[PDB]
Amino acid sequence: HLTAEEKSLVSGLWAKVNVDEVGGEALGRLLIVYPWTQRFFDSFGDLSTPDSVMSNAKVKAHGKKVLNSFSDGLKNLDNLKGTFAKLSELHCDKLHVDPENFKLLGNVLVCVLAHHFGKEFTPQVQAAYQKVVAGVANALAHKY
Amino acid sequence: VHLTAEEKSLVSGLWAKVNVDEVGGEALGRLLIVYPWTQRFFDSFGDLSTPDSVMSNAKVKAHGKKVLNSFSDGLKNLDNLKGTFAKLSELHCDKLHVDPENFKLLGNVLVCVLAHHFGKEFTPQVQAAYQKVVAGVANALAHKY
Amino acid sequence: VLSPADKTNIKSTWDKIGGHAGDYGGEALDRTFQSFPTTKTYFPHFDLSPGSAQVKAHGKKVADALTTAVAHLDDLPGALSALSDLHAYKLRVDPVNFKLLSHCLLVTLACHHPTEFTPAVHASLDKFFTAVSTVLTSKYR
Amino acid sequence: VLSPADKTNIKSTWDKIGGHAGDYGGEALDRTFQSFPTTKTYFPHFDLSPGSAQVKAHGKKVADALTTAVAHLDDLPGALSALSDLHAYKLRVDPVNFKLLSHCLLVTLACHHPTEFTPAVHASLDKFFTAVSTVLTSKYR
Ligand code: HEM
Ligand code: HEM
Ligand code: HEM
Ligand code: HEM
C-alpha cells in the first residue's frame, strides 16, 4: 500500500543506489549493530571487528543478493507474498532467523539509504521506504 | 502453518472448560498490570491505578469477556482467522492505534491465565498449540498494515 | 526497578518453588522448545526428545542460574557476568529468545503455583525474568 | 553499557551536530510521524502539518534532553528521571515507539552527517538511543 508518489519517490532513489555496495553496507551494519545476527554467518569468515565485517568479501556479495532481492520486492510491490515466499521458507525453515531481524535489517537498509542520500532521503522518501521494508519483512515472515 | 488435528483437539478440550466470565478480564487485567502502558487505551474504564482496582474493575471484566469471546470466535474458525478478525484488526489499528506487539503480549498473558487456571492440564503440548492460536489471532489482528 | 515488593514477590515465589526449581527449568525449556521450535536450533547437540536427560540437566542449570539471580537481585550484572558472556559472545542468542523462555518460565510457575501467581507476582516475576534477560543480552549493548 | 568508545562516538557526534540538535529533533519527529503514523496519536494536541511550530518546538525539547543525556552518559537514569516519569506515568508511551523514534534519530543523523555515520558510530548512537529509551521506559520495570 504505497501511493503513486511514494512509488516514484522509492524508484527515484533506488535507481541511484550503488547496487554493489549498499546491500553489503546494510548487512555489515546489521552484523555490527546487532551482533547476535552474526550467528547465521559462520560460513562468512572473519566478522570479529567492524573492519573485518566491513571488509568481508562474502558480506559484500551476500549483501548484494539481499539488495537484488529488495529490488525484486520493489518490482513486485503488489505481490510481496509470492515474491518472497521461498525466501520466507529459506529464512524461517532452514535458517531459523527470527522475523524481528528482517525489520532490523530493513531499518538498517533505511539508515544506509539515509547515509548515502542525505537530504534527498526526505521524511517522505523514508516513509515510502519504511513501507517497502515493512512489506518485505512481513513477506519474509509470512511463512509462520 | 496451523494446528495439527491433535493440537486442535487439545485446544478445544481445554477451551470448553474456560471460565468465559473470568479468564478474559483476568488476562486483560494482568495485561494492564504487567504492561502498564496498555492502560493508555482504557481511560474510559475508570480506576486502573492499582492491581486491585484493575482486578476489581467491572469494565475490565466485561471487556475482557468480549475479548475472550473474540478468541473463541477465532478458535471456532482457525482456518479463517484473517476473516474473523478483519473488522477488529481495522478497529484496533485504525481507530484504537494499538501497536500489534500488544496483541502478542495479550495472547501470551492469556496463555499465562490458561496456565494459571488449568495447572498441570496446561501441558507443554497444550501450551504450544495455544501459542499457535494466540499468534494466529495476533497475526490476524495485525493484518491491517 | 525491582522494588521491595518485587524482590519480596520473587523471593517468596522462589521459596515456594523450593526444591522444584530444577524441574521447572526443564519444564520451561520443554515449553519453549515445543511452543517456539526455533529455540531448539540453539541446542542441536541436545537430544530434545521427550524425557531428555540433557534437557532435564540443562533445566537444572538454568534454574540454578535463576536461583543465583534471586539471591543477587541488586546485582544481576555481576552475578550473571559469565553467563552474559556465554549467551552473547559464545551462543549469540537472539534477544528475542529470552522473551520466549521468560514467557515459558512464567507459564511453568503459573502451572505449578496458582496461589502465588497473583497479577502482582506475575508482574514481579515478569520484571525478574526480563531483568535476567537484559543482563544475559547485555553484552550486545 | 556505553563503553568509553561509545561515549566518544556519541559525544563527537553531538559535537558535530552542534547547533543543529534542535532542528534534528524536529526532523526526527517528522520522520517518525510520517514513517510510523500511529506515533502521531500521542500528539493529538499538536498541529502535525508540515512546518508545524509545535513539532519544531517539541523537537527542540527532545533534542535538549538528548543533549543533556550526552552530558550525563554515566547517569542517564539520573539525567532522565523526570522524563521517565513523564513518559511512563503520564504519557503511557508504548515502548515500541521509542524504537521508532530512535530509528528516526539515527536516520536523521545519517542524513546530515554521512562522514560521522560510520558503522561503529551507528552502533554507538544506536546503543545511546536505546539506553535513553530504556531509561524513558524504566517506570514500566
Ligand atoms: C529482511 C530482509 C532480508 C532479505 C530481503 C534477505 C534476502 C536473502 C536472500 C535473497 C538470500 C538468498 C541469497 C541468494 O543465494 O541468492 C538470503 C539468504 C540468507 N539470509 Fe537473508 N534476507 C533478509 C534478512 C536476513 C536476516 C535478518 C538474516 C540474519 C539475521 C538473514 C540471514 C541469511 C542467511 C544466513 C542466508 C544464507 C546465506 C549464505 O549462506 O549464503 N537474512 N537472504
Ligand atoms: C490480541 C487479541 C485481542 C482481541 C481478540 C481483542 C478483541 C476486542 C474486541 C472484540 C473489541 C470490541 C469489544 C466490543 O465490541 O465492545 C475490542 C475493543 C478494544 N480493544 Fe481489543 N482485543 C485484543 C487485543 C487488544 C489490545 C492488546 C489492546 C490494547 C492494549 C486492545 C484494546 C482495545 C480497546 C481500548 C477497545 C475498545 C474498548 C472500549 O472502549 O470499549 N485490544 N477488542
Ligand atoms: C533467560 C534465562 C536464561 C538463563 C538463566 C540461562 C542459563 C544458562 C546457563 C546457566 C547455561 C550454562 C549451562 C552449563 O554451564 O552447562 C546456559 C547455556 C546455554 N544457553 Fe542459556 N540461559 C537462559 C536463556 C537462554 C536462551 C533464551 C537460550 C536460547 C534459546 C539459551 C541457550 C543456551 C544454550 C544453547 C546453552 C548451552 C547449553 C549446553 O550446551 O549445555 N539460553 N544457559
Ligand atoms: C528519544 C526518546 C525521547 C525523548 C528524549 C523524549 C523527550 C521528551 C521531552 C524532553 C519531553 C518534555 C517536553 C516539554 O516539557 O515540553 C517530552 C514530552 C512528550 N513526549 Fe517524549 N521523548 C522521547 C520519546 C517519546 C516517544 C517515543 C513518544 C511517543 C511516540 C513521546 C511522546 C511525548 C509526548 C506526547 C510529550 C508531551 C509533549 C508536549 O505536550 O509538548 N516521547 N518528550
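- Per the deposited record, determination of this structure is attributed to X-ray crystallography, with the resolution reported as 2.20 Å.

**Regarding the site of ligand 1**
Phase 1: If you check the shell around ligand 1, you find 19 residues, and the closest are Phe-40, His-62, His-91, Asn-101 and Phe-102 of chain A.
Phase 2: The residue inventory of the shell around ligand 1, partitioned by class, reads 13 nonpolar, five polar and one charged.

**Remarks on the environment of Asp-94 of chain B**
All names here are of chain B.
Phase 1: By the element assignment, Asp-94 lies in helix 5 (residues 81-96).
Phase 2: For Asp-94, a relative accessible area of 40% puts it in the partly exposed group.
Phase 3: Ignoring any residue separated from it by four or fewer positions in sequence, one finds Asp-94 in contact with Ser-89 and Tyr-145.

**Let's talk about the UniProt feature "binding site: heme b" in chain A**
Residues and elements named next belong to chain A.
Phase 1: Here the UniProt-annotated "binding site: heme b" positions come out as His-62 and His-91. These annotated residues cover 30 residues of sequence, but their C-alpha atoms sit close together, with the largest distance between any two at 14.0 Å.
Phase 2: Topologically, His-62 is positioned in helix 4 (residues 57-74).
Phase 3: Relative to the elements of secondary structure, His-91 occurs in helix 5 (residues 80-94).
Phase 4: Residue classification places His-91 among the buried positions, given a relative accessible area of 18%.

**A short note on the packing of aromatic side chains**
Phase 1: Under the criterion given, the structure shown has 20 aromatic pairs over all chains.
Phase 2: Considering the side-chain rings of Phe-33 of chain D and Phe-43 of chain D, the 5.1 Å spacing of their centres and the 70° angle between planes classify their relative orientation as edge-to-face. Note that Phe-33 of chain D is positioned in helix 2 (residues 21-35) and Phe-43 of chain D in the loop between helix 2 and helix 3 (53-71), a separation of 10 residues in sequence. Side by side, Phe-33 of chain D and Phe-43 of chain D carry an identical accessibility label, which is buried.
Phase 3: Just above the ring of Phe-40 of chain A sits the side chain of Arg-39 of chain A; from NZ or CZ to the centre is 5.9 Å.
Phase 4: One residue, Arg-40 of chain B, lies across the ring of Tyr-42 of chain D, its end atom 3.7 Å from the ring centre.

Rules of the game
- Residues numbered from 1 in each chain as written, not as in the entry; some residues may be left out.
- Chains lettered and ligands numbered in written order.
- Heavy atoms only, no water.
- Near = heavy atom within 4 Å.
- Nonpolar A, V, L, I, M, F, W, Y, C, P; charged D, E, K, R; others polar.
- Helix = DSSP H or I, 4+ residues; strand = E, 2+ residues; numbered from the N terminus.
- Buried < 20%, exposed > 50% of the residue type's maximum accessible area, 1.4 Å probe, protein only.
- Contact = heavy atoms within 4.5 Å.
- UniProt positions renumbered as here; feature names shortened; annotations may be inferred.
- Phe/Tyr/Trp six-rings, centres within 6.5 Å; stacked < 30°, edge-to-face > 60°.
- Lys NZ or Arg CZ within 6 Å of the ring centre and 35° of its normal.

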